[PDB]
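A short worksheet on the structure shown next.
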Amino acid sequence: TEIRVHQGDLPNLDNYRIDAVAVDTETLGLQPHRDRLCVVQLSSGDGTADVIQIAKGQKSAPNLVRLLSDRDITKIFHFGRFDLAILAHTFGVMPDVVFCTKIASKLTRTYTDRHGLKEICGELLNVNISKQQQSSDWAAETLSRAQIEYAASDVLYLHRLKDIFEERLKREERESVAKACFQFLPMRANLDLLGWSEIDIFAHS
Amino acid sequence: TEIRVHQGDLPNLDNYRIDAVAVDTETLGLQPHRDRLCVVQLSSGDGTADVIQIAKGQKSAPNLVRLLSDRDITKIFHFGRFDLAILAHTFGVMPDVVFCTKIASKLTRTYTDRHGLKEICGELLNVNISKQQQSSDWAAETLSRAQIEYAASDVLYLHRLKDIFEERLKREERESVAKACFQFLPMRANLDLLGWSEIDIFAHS
Amino acid sequence: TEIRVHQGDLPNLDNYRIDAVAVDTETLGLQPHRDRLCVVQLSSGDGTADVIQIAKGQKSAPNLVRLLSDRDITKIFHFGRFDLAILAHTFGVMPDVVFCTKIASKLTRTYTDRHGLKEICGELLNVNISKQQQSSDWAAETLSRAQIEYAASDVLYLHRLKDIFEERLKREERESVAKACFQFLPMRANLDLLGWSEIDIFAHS
Amino acid sequence: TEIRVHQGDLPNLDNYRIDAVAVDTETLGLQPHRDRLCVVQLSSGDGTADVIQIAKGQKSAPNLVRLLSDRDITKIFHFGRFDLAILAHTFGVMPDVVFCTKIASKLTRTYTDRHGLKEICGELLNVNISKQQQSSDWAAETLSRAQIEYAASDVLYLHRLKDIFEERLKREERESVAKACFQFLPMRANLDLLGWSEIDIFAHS
Amino acid sequence: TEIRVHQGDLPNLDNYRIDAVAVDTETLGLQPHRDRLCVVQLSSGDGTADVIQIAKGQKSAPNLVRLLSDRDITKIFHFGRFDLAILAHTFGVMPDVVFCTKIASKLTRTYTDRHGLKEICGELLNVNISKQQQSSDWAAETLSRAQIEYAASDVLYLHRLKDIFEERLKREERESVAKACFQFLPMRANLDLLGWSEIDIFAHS
Amino acid sequence: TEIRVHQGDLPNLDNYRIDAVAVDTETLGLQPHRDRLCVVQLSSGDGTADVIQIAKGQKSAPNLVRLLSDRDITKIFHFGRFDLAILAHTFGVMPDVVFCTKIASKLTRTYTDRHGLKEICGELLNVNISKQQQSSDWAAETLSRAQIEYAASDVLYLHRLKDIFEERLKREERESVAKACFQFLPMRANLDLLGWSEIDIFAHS
Amino acid sequence: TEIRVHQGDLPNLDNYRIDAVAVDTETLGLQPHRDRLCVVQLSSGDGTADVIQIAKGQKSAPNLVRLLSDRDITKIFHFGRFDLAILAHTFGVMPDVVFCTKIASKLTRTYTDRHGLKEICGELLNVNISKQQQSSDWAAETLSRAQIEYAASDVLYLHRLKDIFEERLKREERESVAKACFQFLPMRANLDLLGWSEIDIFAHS
Amino acid sequence: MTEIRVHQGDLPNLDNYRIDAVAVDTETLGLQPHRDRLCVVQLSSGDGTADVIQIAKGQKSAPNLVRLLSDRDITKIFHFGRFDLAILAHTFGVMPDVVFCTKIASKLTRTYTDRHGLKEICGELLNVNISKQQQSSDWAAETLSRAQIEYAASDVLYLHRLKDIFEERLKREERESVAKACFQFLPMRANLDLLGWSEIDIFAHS
Ligand SMILES: Nc1nc2c(ncn2[C@@H]2O[C@H](COP(=O)(O)O)[C@@H](O)[C@H]2O)c(=O)[nH]1
Ligand SMILES: Nc1nc2c(ncn2[C@@H]2O[C@H](COP(=O)(O)O)[C@@H](O)[C@H]2O)c(=O)[nH]1
Ligand SMILES: Nc1nc2c(ncn2[C@@H]2O[C@H](COP(=O)(O)O)[C@@H](O)[C@H]2O)c(=O)[nH]1
Ligand SMILES: Nc1nc2c(ncn2[C@@H]2O[C@H](COP(=O)(O)O)[C@@H](O)[C@H]2O)c(=O)[nH]1
Ligand SMILES: Nc1nc2c(ncn2[C@@H]2O[C@H](COP(=O)(O)O)[C@@H](O)[C@H]2O)c(=O)[nH]1
Ligand SMILES: Nc1nc2c(ncn2[C@@H]2O[C@H](COP(=O)(O)O)[C@@H](O)[C@H]2O)c(=O)[nH]1
Ligand SMILES: Nc1nc2c(ncn2[C@@H]2O[C@H](COP(=O)(O)O)[C@@H](O)[C@H]2O)c(=O)[nH]1
Ligand SMILES: Nc1nc2c(ncn2[C@@H]2O[C@H](COP(=O)(O)O)[C@@H](O)[C@H]2O)c(=O)[nH]1
Ligand SMILES: Nc1nc2c(ncn2[C@@H]2O[C@H](COP(=O)(O)O)[C@@H](O)[C@H]2O)c(=O)[nH]1
Ligand SMILES: Nc1nc2c(ncn2[C@@H]2O[C@H](COP(=O)(O)O)[C@@H](O)[C@H]2O)c(=O)[nH]1
Ligand SMILES: Nc1nc2c(ncn2[C@@H]2O[C@H](COP(=O)(O)O)[C@@H](O)[C@H]2O)c(=O)[nH]1
Ligand SMILES: Nc1nc2c(ncn2[C@@H]2O[C@H](COP(=O)(O)O)[C@@H](O)[C@H]2O)c(=O)[nH]1
Ligand SMILES: Nc1nc2c(ncn2[C@@H]2O[C@H](COP(=O)(O)O)[C@@H](O)[C@H]2O)c(=O)[nH]1
Ligand SMILES: Nc1nc2c(ncn2[C@@H]2O[C@H](COP(=O)(O)O)[C@@H](O)[C@H]2O)c(=O)[nH]1
Ligand SMILES: Nc1nc2c(ncn2[C@@H]2O[C@H](COP(=O)(O)O)[C@@H](O)[C@H]2O)c(=O)[nH]1
Ligand SMILES: Nc1nc2c(ncn2[C@@H]2O[C@H](COP(=O)(O)O)[C@@H](O)[C@H]2O)c(=O)[nH]1
Ligand SMILES: [Mg+2]
Ligand SMILES: [Mg+2]
Ligand SMILES: [Mg+2]
Ligand SMILES: [Mg+2]
Ligand SMILES: [Mg+2]
Ligand SMILES: [Mg+2]
Ligand SMILES: [Mg+2]
Ligand SMILES: [Mg+2]
Ligand SMILES: [Mg+2]
Ligand SMILES: [Mg+2]
Ligand SMILES: [Mg+2]
Ligand SMILES: [Mg+2]
Ligand SMILES: [Mg+2]
Ligand SMILES: [Mg+2]
Ligand SMILES: [Mg+2]
Ligand SMILES: [Mg+2]
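Protein chains in written order, with our numbering: chain A, 1 to 205; chain B, 1001 to 1205; chain C, 2001 to 2205; chain D, 3001 to 3205; chain E, 4001 to 4205; chain F, 5001 to 5205; chain G, 6001 to 6205; chain H, 7001 to 7206.
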């Protein structure tokens, strides 16, 4: 599978004149106010990926952010709640047309309690995802080949996953439920940035 | 406190030609598929209330449901997640223009972890709510005077509470956050009815 | 006020030619293999009670046991799971026609999570039960007046509670459910005596 | 080895003129009000199995339901609490002559705390059960061969387990205990459907 | 009423030519290696008490220690596990003829789960113990009158408790059980001093 | 009680030519990145207090900040870990000569596990602190009298508590331990601001 | 490894004219009042073992009990708290001269938290113990070869462990501590049988 | 199978430790210094060799080792030094006050994980596999096994390399002064443990 590695930004959007784009990020951790965005990965669904190294203190990624703000393009994530938070924190733009495979799994894979990307890829696609590079130094000046291949593999399958989940959402008649969850997801990420990351805002207590 | 007690439905909407109505419910418990709607309470905010006794197996309430369907009329609840579920389950209409004082409290009363109606009324209004009649037989053929007064007092204050929360939401610049939460609330209630009542659909796990 | 205090057994069944008898016990604790039966209390529901001091090592009580054996007489308990175990363990007979007000509460008072005898008397009868003497030396040769009145008060109201609960079970169409629970309750008590007291036999784990 | 796959129902009862039938189900999850019945599996104990695909929306399965309601045929389950609830919810008939290998294990295999089907088959029968297909799309129009073999294996051994457990129940003199448990189990499943699925109805609290 | 306050040690043992002496201690906390012994209290059971202030760094108290070493006098404590440890740690002598009212309560008051001194005095003696001064500066040069009265109250009643507990231990035939617990209790206190204070040495894990 | 209420800053330092100043803050909550500083309170120990209302968005307070950075003036706090973080976060200066009565309590009141300000003032000074205004709108344009008196109450006694705690630290020879804890406290507060507020940095895990 | 299997009792004591005997039991579970003694295993330390099948209802085993009652012979167990309980419950004699390798491990292997027999055998002897047969039907009429070898292996090594543990206890100067623990252990087992099996009798609460 | 010098009681001299930083670890009979004695002290200069020092029961002095511990010009490197500092100070009466802890360093830099054990850190940063099998063993044995000795040495052979990497990360994320304050308080943290506060986060609200 072809992986294109970039510094800072995509050089252009030639490969992203499409209706939906798979998005993932790597960071120094789970706390966007502390842990910087280090890598953004994209795939058009054609078996190739773009891996974009983000510099310390980088405030701009023009072509990437054009995709993120384009209401005609659905941004596909796995657990987008996190990626939306770090992307909006880093570049100041909250994507608002999204699809999340973790939310979709929670709404359709009711026969299991494991909604991780690895389990979903294994079941739906007979694809083995390795999480070994997940805990590595994503801020390294030069990413290792293992790191680059891991980062790319997290976006290579989200299109195929979205297609299968859309089928299940239609079959079980939960399309409008999923859509409302995806519509609120960017606000759920904003709530995390604002200080409510540990609070289920809809809970009784 | 004037309290108009009705059987089944409001006689007409003469007292509710208004832009926002306070709504509450009494039931036989917290599980809408098991525990029937017993009472619906309404207030226009003029210090009076309508207490509507709902019969076992009752399927319609035309005037009430017209109110719940009116996009021009904001339905105010305290923890509307529950009331929206039981009203939609009982009469078949999910209100879609709502305001919840519990969500508003969680977004503004950041200096406490107590977001109950009693606490909010004591703090914001120096008004003492008693919960003694909360655990009583709300399916009784004839409600007691104590029950009627308790049921009415849960809607008598929601207009004033909402006015104060709107002030705080404006002060701390959280108006669009609250709006997104209220927009998703009916679907959060629907998710409860559909079987996800114990699941934070947005959580990692 | 009329509390008849007996040593060992009822003198006769003259006061219990009735359809249902309220039963309760006091012990040295919650473990029937260690904690002996100390007192058995009985009421016909007429506002009087019979309090029977059971001696250490007592193996028989023919009149009481005739009541417990009599299929035409329903034995009413609050949380009979306990009283059935210690009665069967002490006298060798397991009553098989029973009504439990705690199980009835759990099947009807779905609007609360408190199903203790004190809360139920307070809510259903506006009758105030004290538990101050519950923790006392029930094996003392001479029971105190406080002890005797406490023991009597635990049976004086079970008829009235059963009457209200049977209406509720009829209103919510759960009579057959309650009956099955009461039918298994003697076996749930045997399960406790046999060594499964800490196991919900129907749980997945 | 020999698995007969059917759409909708058994074609007739020619293979089930027997004293006891092994039964199992596959579903979209553990909540019958949300998660539909997808497969019912049957075995006469002769080392063959019938695997019946249940359509979305299917309200009748007349031959299967004849078996389920025939009081002269014991239905054998592993953790029948679940299967009874989904079968009664789907087709409206609660089987009432049952044997549950999980309850029987909890009454006899007191030397272990593991009462799952895989653990019981390994110990009692030296049969290796794989649970890999347990979390799969049981609503798929075409079940995979691995799904079909998994579903069949859950009923192929229940007669042999029952025979062994009956020997242990007799040896430890717990036959009447188990019988009472099996007699209540259909009402325990009914309690689950009615809204008490999280409540041990016999517990103190 | 009569409380004799001493610096360092009793002047003599003239008041303690008796079969049993009540003993208690006050400290700066629960960790004997950090928190010094501040006060030792004694009573003969005649309704008077001796309150002995222990100085920082004090290593001997010959009269007190002669009492504690005397095999012919039973030392009565409430929860002697603690007192034994700080006494042995401070003066180098571990008493080995003891009675503990907390252990005795746990072997006899099986009808409650509260085995604190206040609860036991309330139930068995109708005596009100206040623990208000328990958290106070016990190392103060001058103990307050409330501290002095509190420290004495902790030994004034132990003989009367021991007498009641010995009757219960006899009635329930647990005298040899209790004797074995008391015999091990000095070694349990030693175990705490040696570093096993958080470990139940007899537990499986 | 003379309470001087100010907008924005002290008008001058004429009352704070002293070696130690008592400091406290009120906020909209416990998260300094979300919850703004609303009130700063100061006392010289003379039984009077200054209560300074801090405006939304206020970036400087030159007289208050002069005291905070003055290395010759010890800043006394109760649980200064919090106040230090919100003061540094708001005005940009981390005080580094501090005394915390909560840390001092944990190092000296080893005979209790309650180290809150209310409990400490009760025990050490016989002063009753009310917490009723703690959960109130500290951002209000006009503070109520009850709010103002509460805010002043949290600084009026800190000098007296520090004097007592210093006596105890000397008595138990923990002065250098206390000093090292106070020296690290500003870095502990910084760690909180940087994103480690939920982490004990010195724990094994 | 020679393993002598017997029905009911040792035929004679010819192999046990020794100072110390290794003892273990197998049962139907961990609750002596419910789960019967099925097997008793003995070793003299010579690398051979005796495995004694205990029949259901068996009330005597004279030669075995002679060994258990003999104060000149130390009975070695691993976690004898359990074996002492079930032996005394079954044959009515509590062994009173014992050594427990789990208590010894807890007093000497302070560099670990794993005190199970497998861990101890592997570390101290480089001997691999398998627990695969631990959960099997020990009441089976004919024990499997695997069961017989498992049962023997639990006593084959206890002499060698005791010798090492005694060396550690001497080295760390804990011999009198261990001896007091061993002296109390039969009463600890008695406490279990009498109803205190879930209670640390020496705990504060 | 590296060069491991085994000594009884103390280093014979300081010839191998005229350096600015020394890697330090200990083995004991357990985690409670008042009960569980110091049994082994291990040292490395970072050159791929280690000294393993058996401490006798009751041993009160270790002059050469303690000279290193109190030398303010030498940084003592530990993994989770909170523990080693407590047992060393309890045994020989000197608390080292110039230290670097790789566990604190990991908690301040490897924010992308929740696993800060030495085995994980060595695997990730150095592709070095550490075995913990000998951790639970009789460290007070008169003669240590070969496996024990190699385990003890391996716990110090890599700390210099870890410290170098962590110092780069601390610089990169601008947390050097944060780390320095943590290391300066760590000896007092270990002292608090000895004094009776081992179970208490002294900076917590409750
Ligand atoms: N602290 C912590 N961070 C994680 C964990 N899992 C992932 N991360 C962080 O969050 C990012 C998520 O990336 P992904 O999981 O898509 O590889 C990682 O680059 C890593 O920095 C975890 O379990 N703990
Ligand atoms: N917010 C949050 N993220 C987690 C948690 N556990 C794992 N993660 C991270 O969230 C991402 C998605 O996890 P997955 O859904 O693939 O298990 C991964 O980077 C994973 O390491 C958690 O408990 N909370
Ligand atoms: N089971 C249960 N039901 C409650 C509880 N609190 C409130 N409810 C139910 O919720 C309904 C509405 O609550 P309310 O508006 O009275 O606060 C009540 O009529 C009552 O049936 C509770 O704590 N437990
Ligand atoms: N869903 C849910 N409702 C609760 C819970 N606890 C209390 N309630 C009910 O929810 C309603 C609102 O609670 P409040 O916010 O007034 O405390 C009341 O009827 C209260 O009894 C809970 O844990 N879950
Ligand atoms: N240990 C313990 N025993 C109790 C408790 N409550 C009741 N008991 C025991 O169980 C008996 C039940 O009697 P009742 O609750 O009807 O008064 C009492 O006589 C007493 O011996 C309890 O909370 N703890
Ligand atoms: N079996 C059992 N009984 C309890 C428990 N807690 C309290 N009890 C006792 O059970 C009896 C019934 O309590 P009630 O139903 O009146 O709350 C009382 O004696 C009470 O003290 C418990 O957790 N388990
Ligand atoms: N959510 C969830 N569903 C399960 C789990 N295990 C089994 N199921 C559901 O229960 C059905 C029956 O389980 P089975 O008989 O295959 O063990 C399965 O088809 C599946 O839908 C589980 O762990 N979680
Ligand atoms: N109700 C319930 N079902 C469970 C739970 N855990 C597993 N199950 C499912 O229930 C079924 C019982 O199978 P077992 O675990 O007894 O072999 C399986 O489908 C299993 O996955 C649980 O905690 N509760
Ligand atoms: N840390 C702490 N120490 C206590 C507590 N209760 C009692 N103590 C200490 O233990 C000593 C025992 O005294 P007594 O409880 O007999 O008055 C007291 O002097 C006090 O130092 C407690 O709850 N926490
Ligand atoms: N170990 C321990 N001792 C306590 C605790 N609380 C009080 N104590 C001590 O135990 C004795 C009596 O406690 P009581 O049984 O009255 O609660 C007193 O010496 C008291 O200081 C505790 O939580 N743990
Ligand atoms: N969320 C929350 N905030 C608190 C709590 N206690 C105090 N605060 C906040 O912390 C500030 C500290 O004020 P103080 O505790 O000194 O009165 C308060 O003004 C309030 O905003 C609490 O328990 N929960
Ligand atoms: N950081 C933190 N502060 C708390 C917590 N609980 C209460 N507080 C607040 O911290 C302040 C000091 O608490 P105090 O020591 O006076 O109890 C008060 O404002 C109190 O409400 C907590 O769990 N964590
Ligand atoms: N219920 C249960 N029983 C056990 C367990 N482990 C051992 N047993 C029982 O305890 C007896 C003695 O254990 P063993 O000496 O073989 O380790 C066994 O024969 C078995 O009946 C367990 O984990 N759970
Ligand atoms: N009483 C008790 N026994 C246990 C527990 N866990 C395991 N056992 C059983 O106790 C015996 C000794 O366990 P070991 O010390 O070898 O781990 C084994 O038969 C084991 O299965 C437990 O938590 N409590
Ligand atoms: N009790 C206990 N002690 C440990 C544990 N891990 C390490 N130790 C002790 O701590 C010492 C130092 O650990 P090391 O530096 O070998 O990792 C060991 O020699 C051992 O005594 C543990 O998990 N539990
Ligand atoms: N204080 C403490 N030490 C531990 C704990 N768990 C493991 N240790 C020991 O602390 C040392 C460091 O562990 P590591 O950081 O390498 O996981 C090892 O000797 C390890 O065995 C714990 O929970 N607390
Ligand atoms: Mg990701
Ligand atoms: Mg990724
Ligand atoms: Mg309501
Ligand atoms: Mg209401
Ligand atoms: Mg009762
Ligand atoms: Mg009673
Ligand atoms: Mg199944
Ligand atoms: Mg199945
Ligand atoms: Mg005391
Ligand atoms: Mg005292
Ligand atoms: Mg404050
Ligand atoms: Mg304050
Ligand atoms: Mg064993
Ligand atoms: Mg064994
Ligand atoms: Mg170490
Ligand atoms: Mg080591």
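Where a beta carbon is used, it is the ideal one built from N, C-alpha and C, also for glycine.
- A7089(H) sits in a helix when the DSSP states are folded into three classes.
- For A4178(E), the three-state secondary structure derived from DSSP is helix.
- Among the residues of the region 3148-3181 of chain D, those with a Cβ less than 7 Å away from any Cβ of chain C are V3177, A3180, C3181, in the order of the chain.
- Chain-order list of chain C residues neighbouring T4112(E): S2135, by C-beta distance under 7 Å.
- Judged by beta-carbon spacing, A6085(G) lies beyond the 7 Å limit of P6011(G), meaning their Cβ atoms are not closer than that value.
- When beta bridges are read from the DSSP output, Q5041(F) appears opposite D5024(F), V5051(F).
- DSSP places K1162(B) outside any beta strand (DSSP E); the residue lies instead in the alpha helix (DSSP H), whose first and last residues are 1158-1171.
- Rounded to the nearest angstrom, the gap between the Cα atoms of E6175(G) and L4030(E) is 27 Å.
- Between the region 4064-4081 of chain E and the region 4096-4106 of chain E, the count of Cβ pairs shorter than 8 Å is three or higher; the stretches touch.
- Residues of chain H with a Cβ closer than 7 Å to the Cβ of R5081(F) are, in chain order, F7203.
- Taking C-beta atoms as the reference points, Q1147(B) and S1135(B) fail to come closer than 7 Å.
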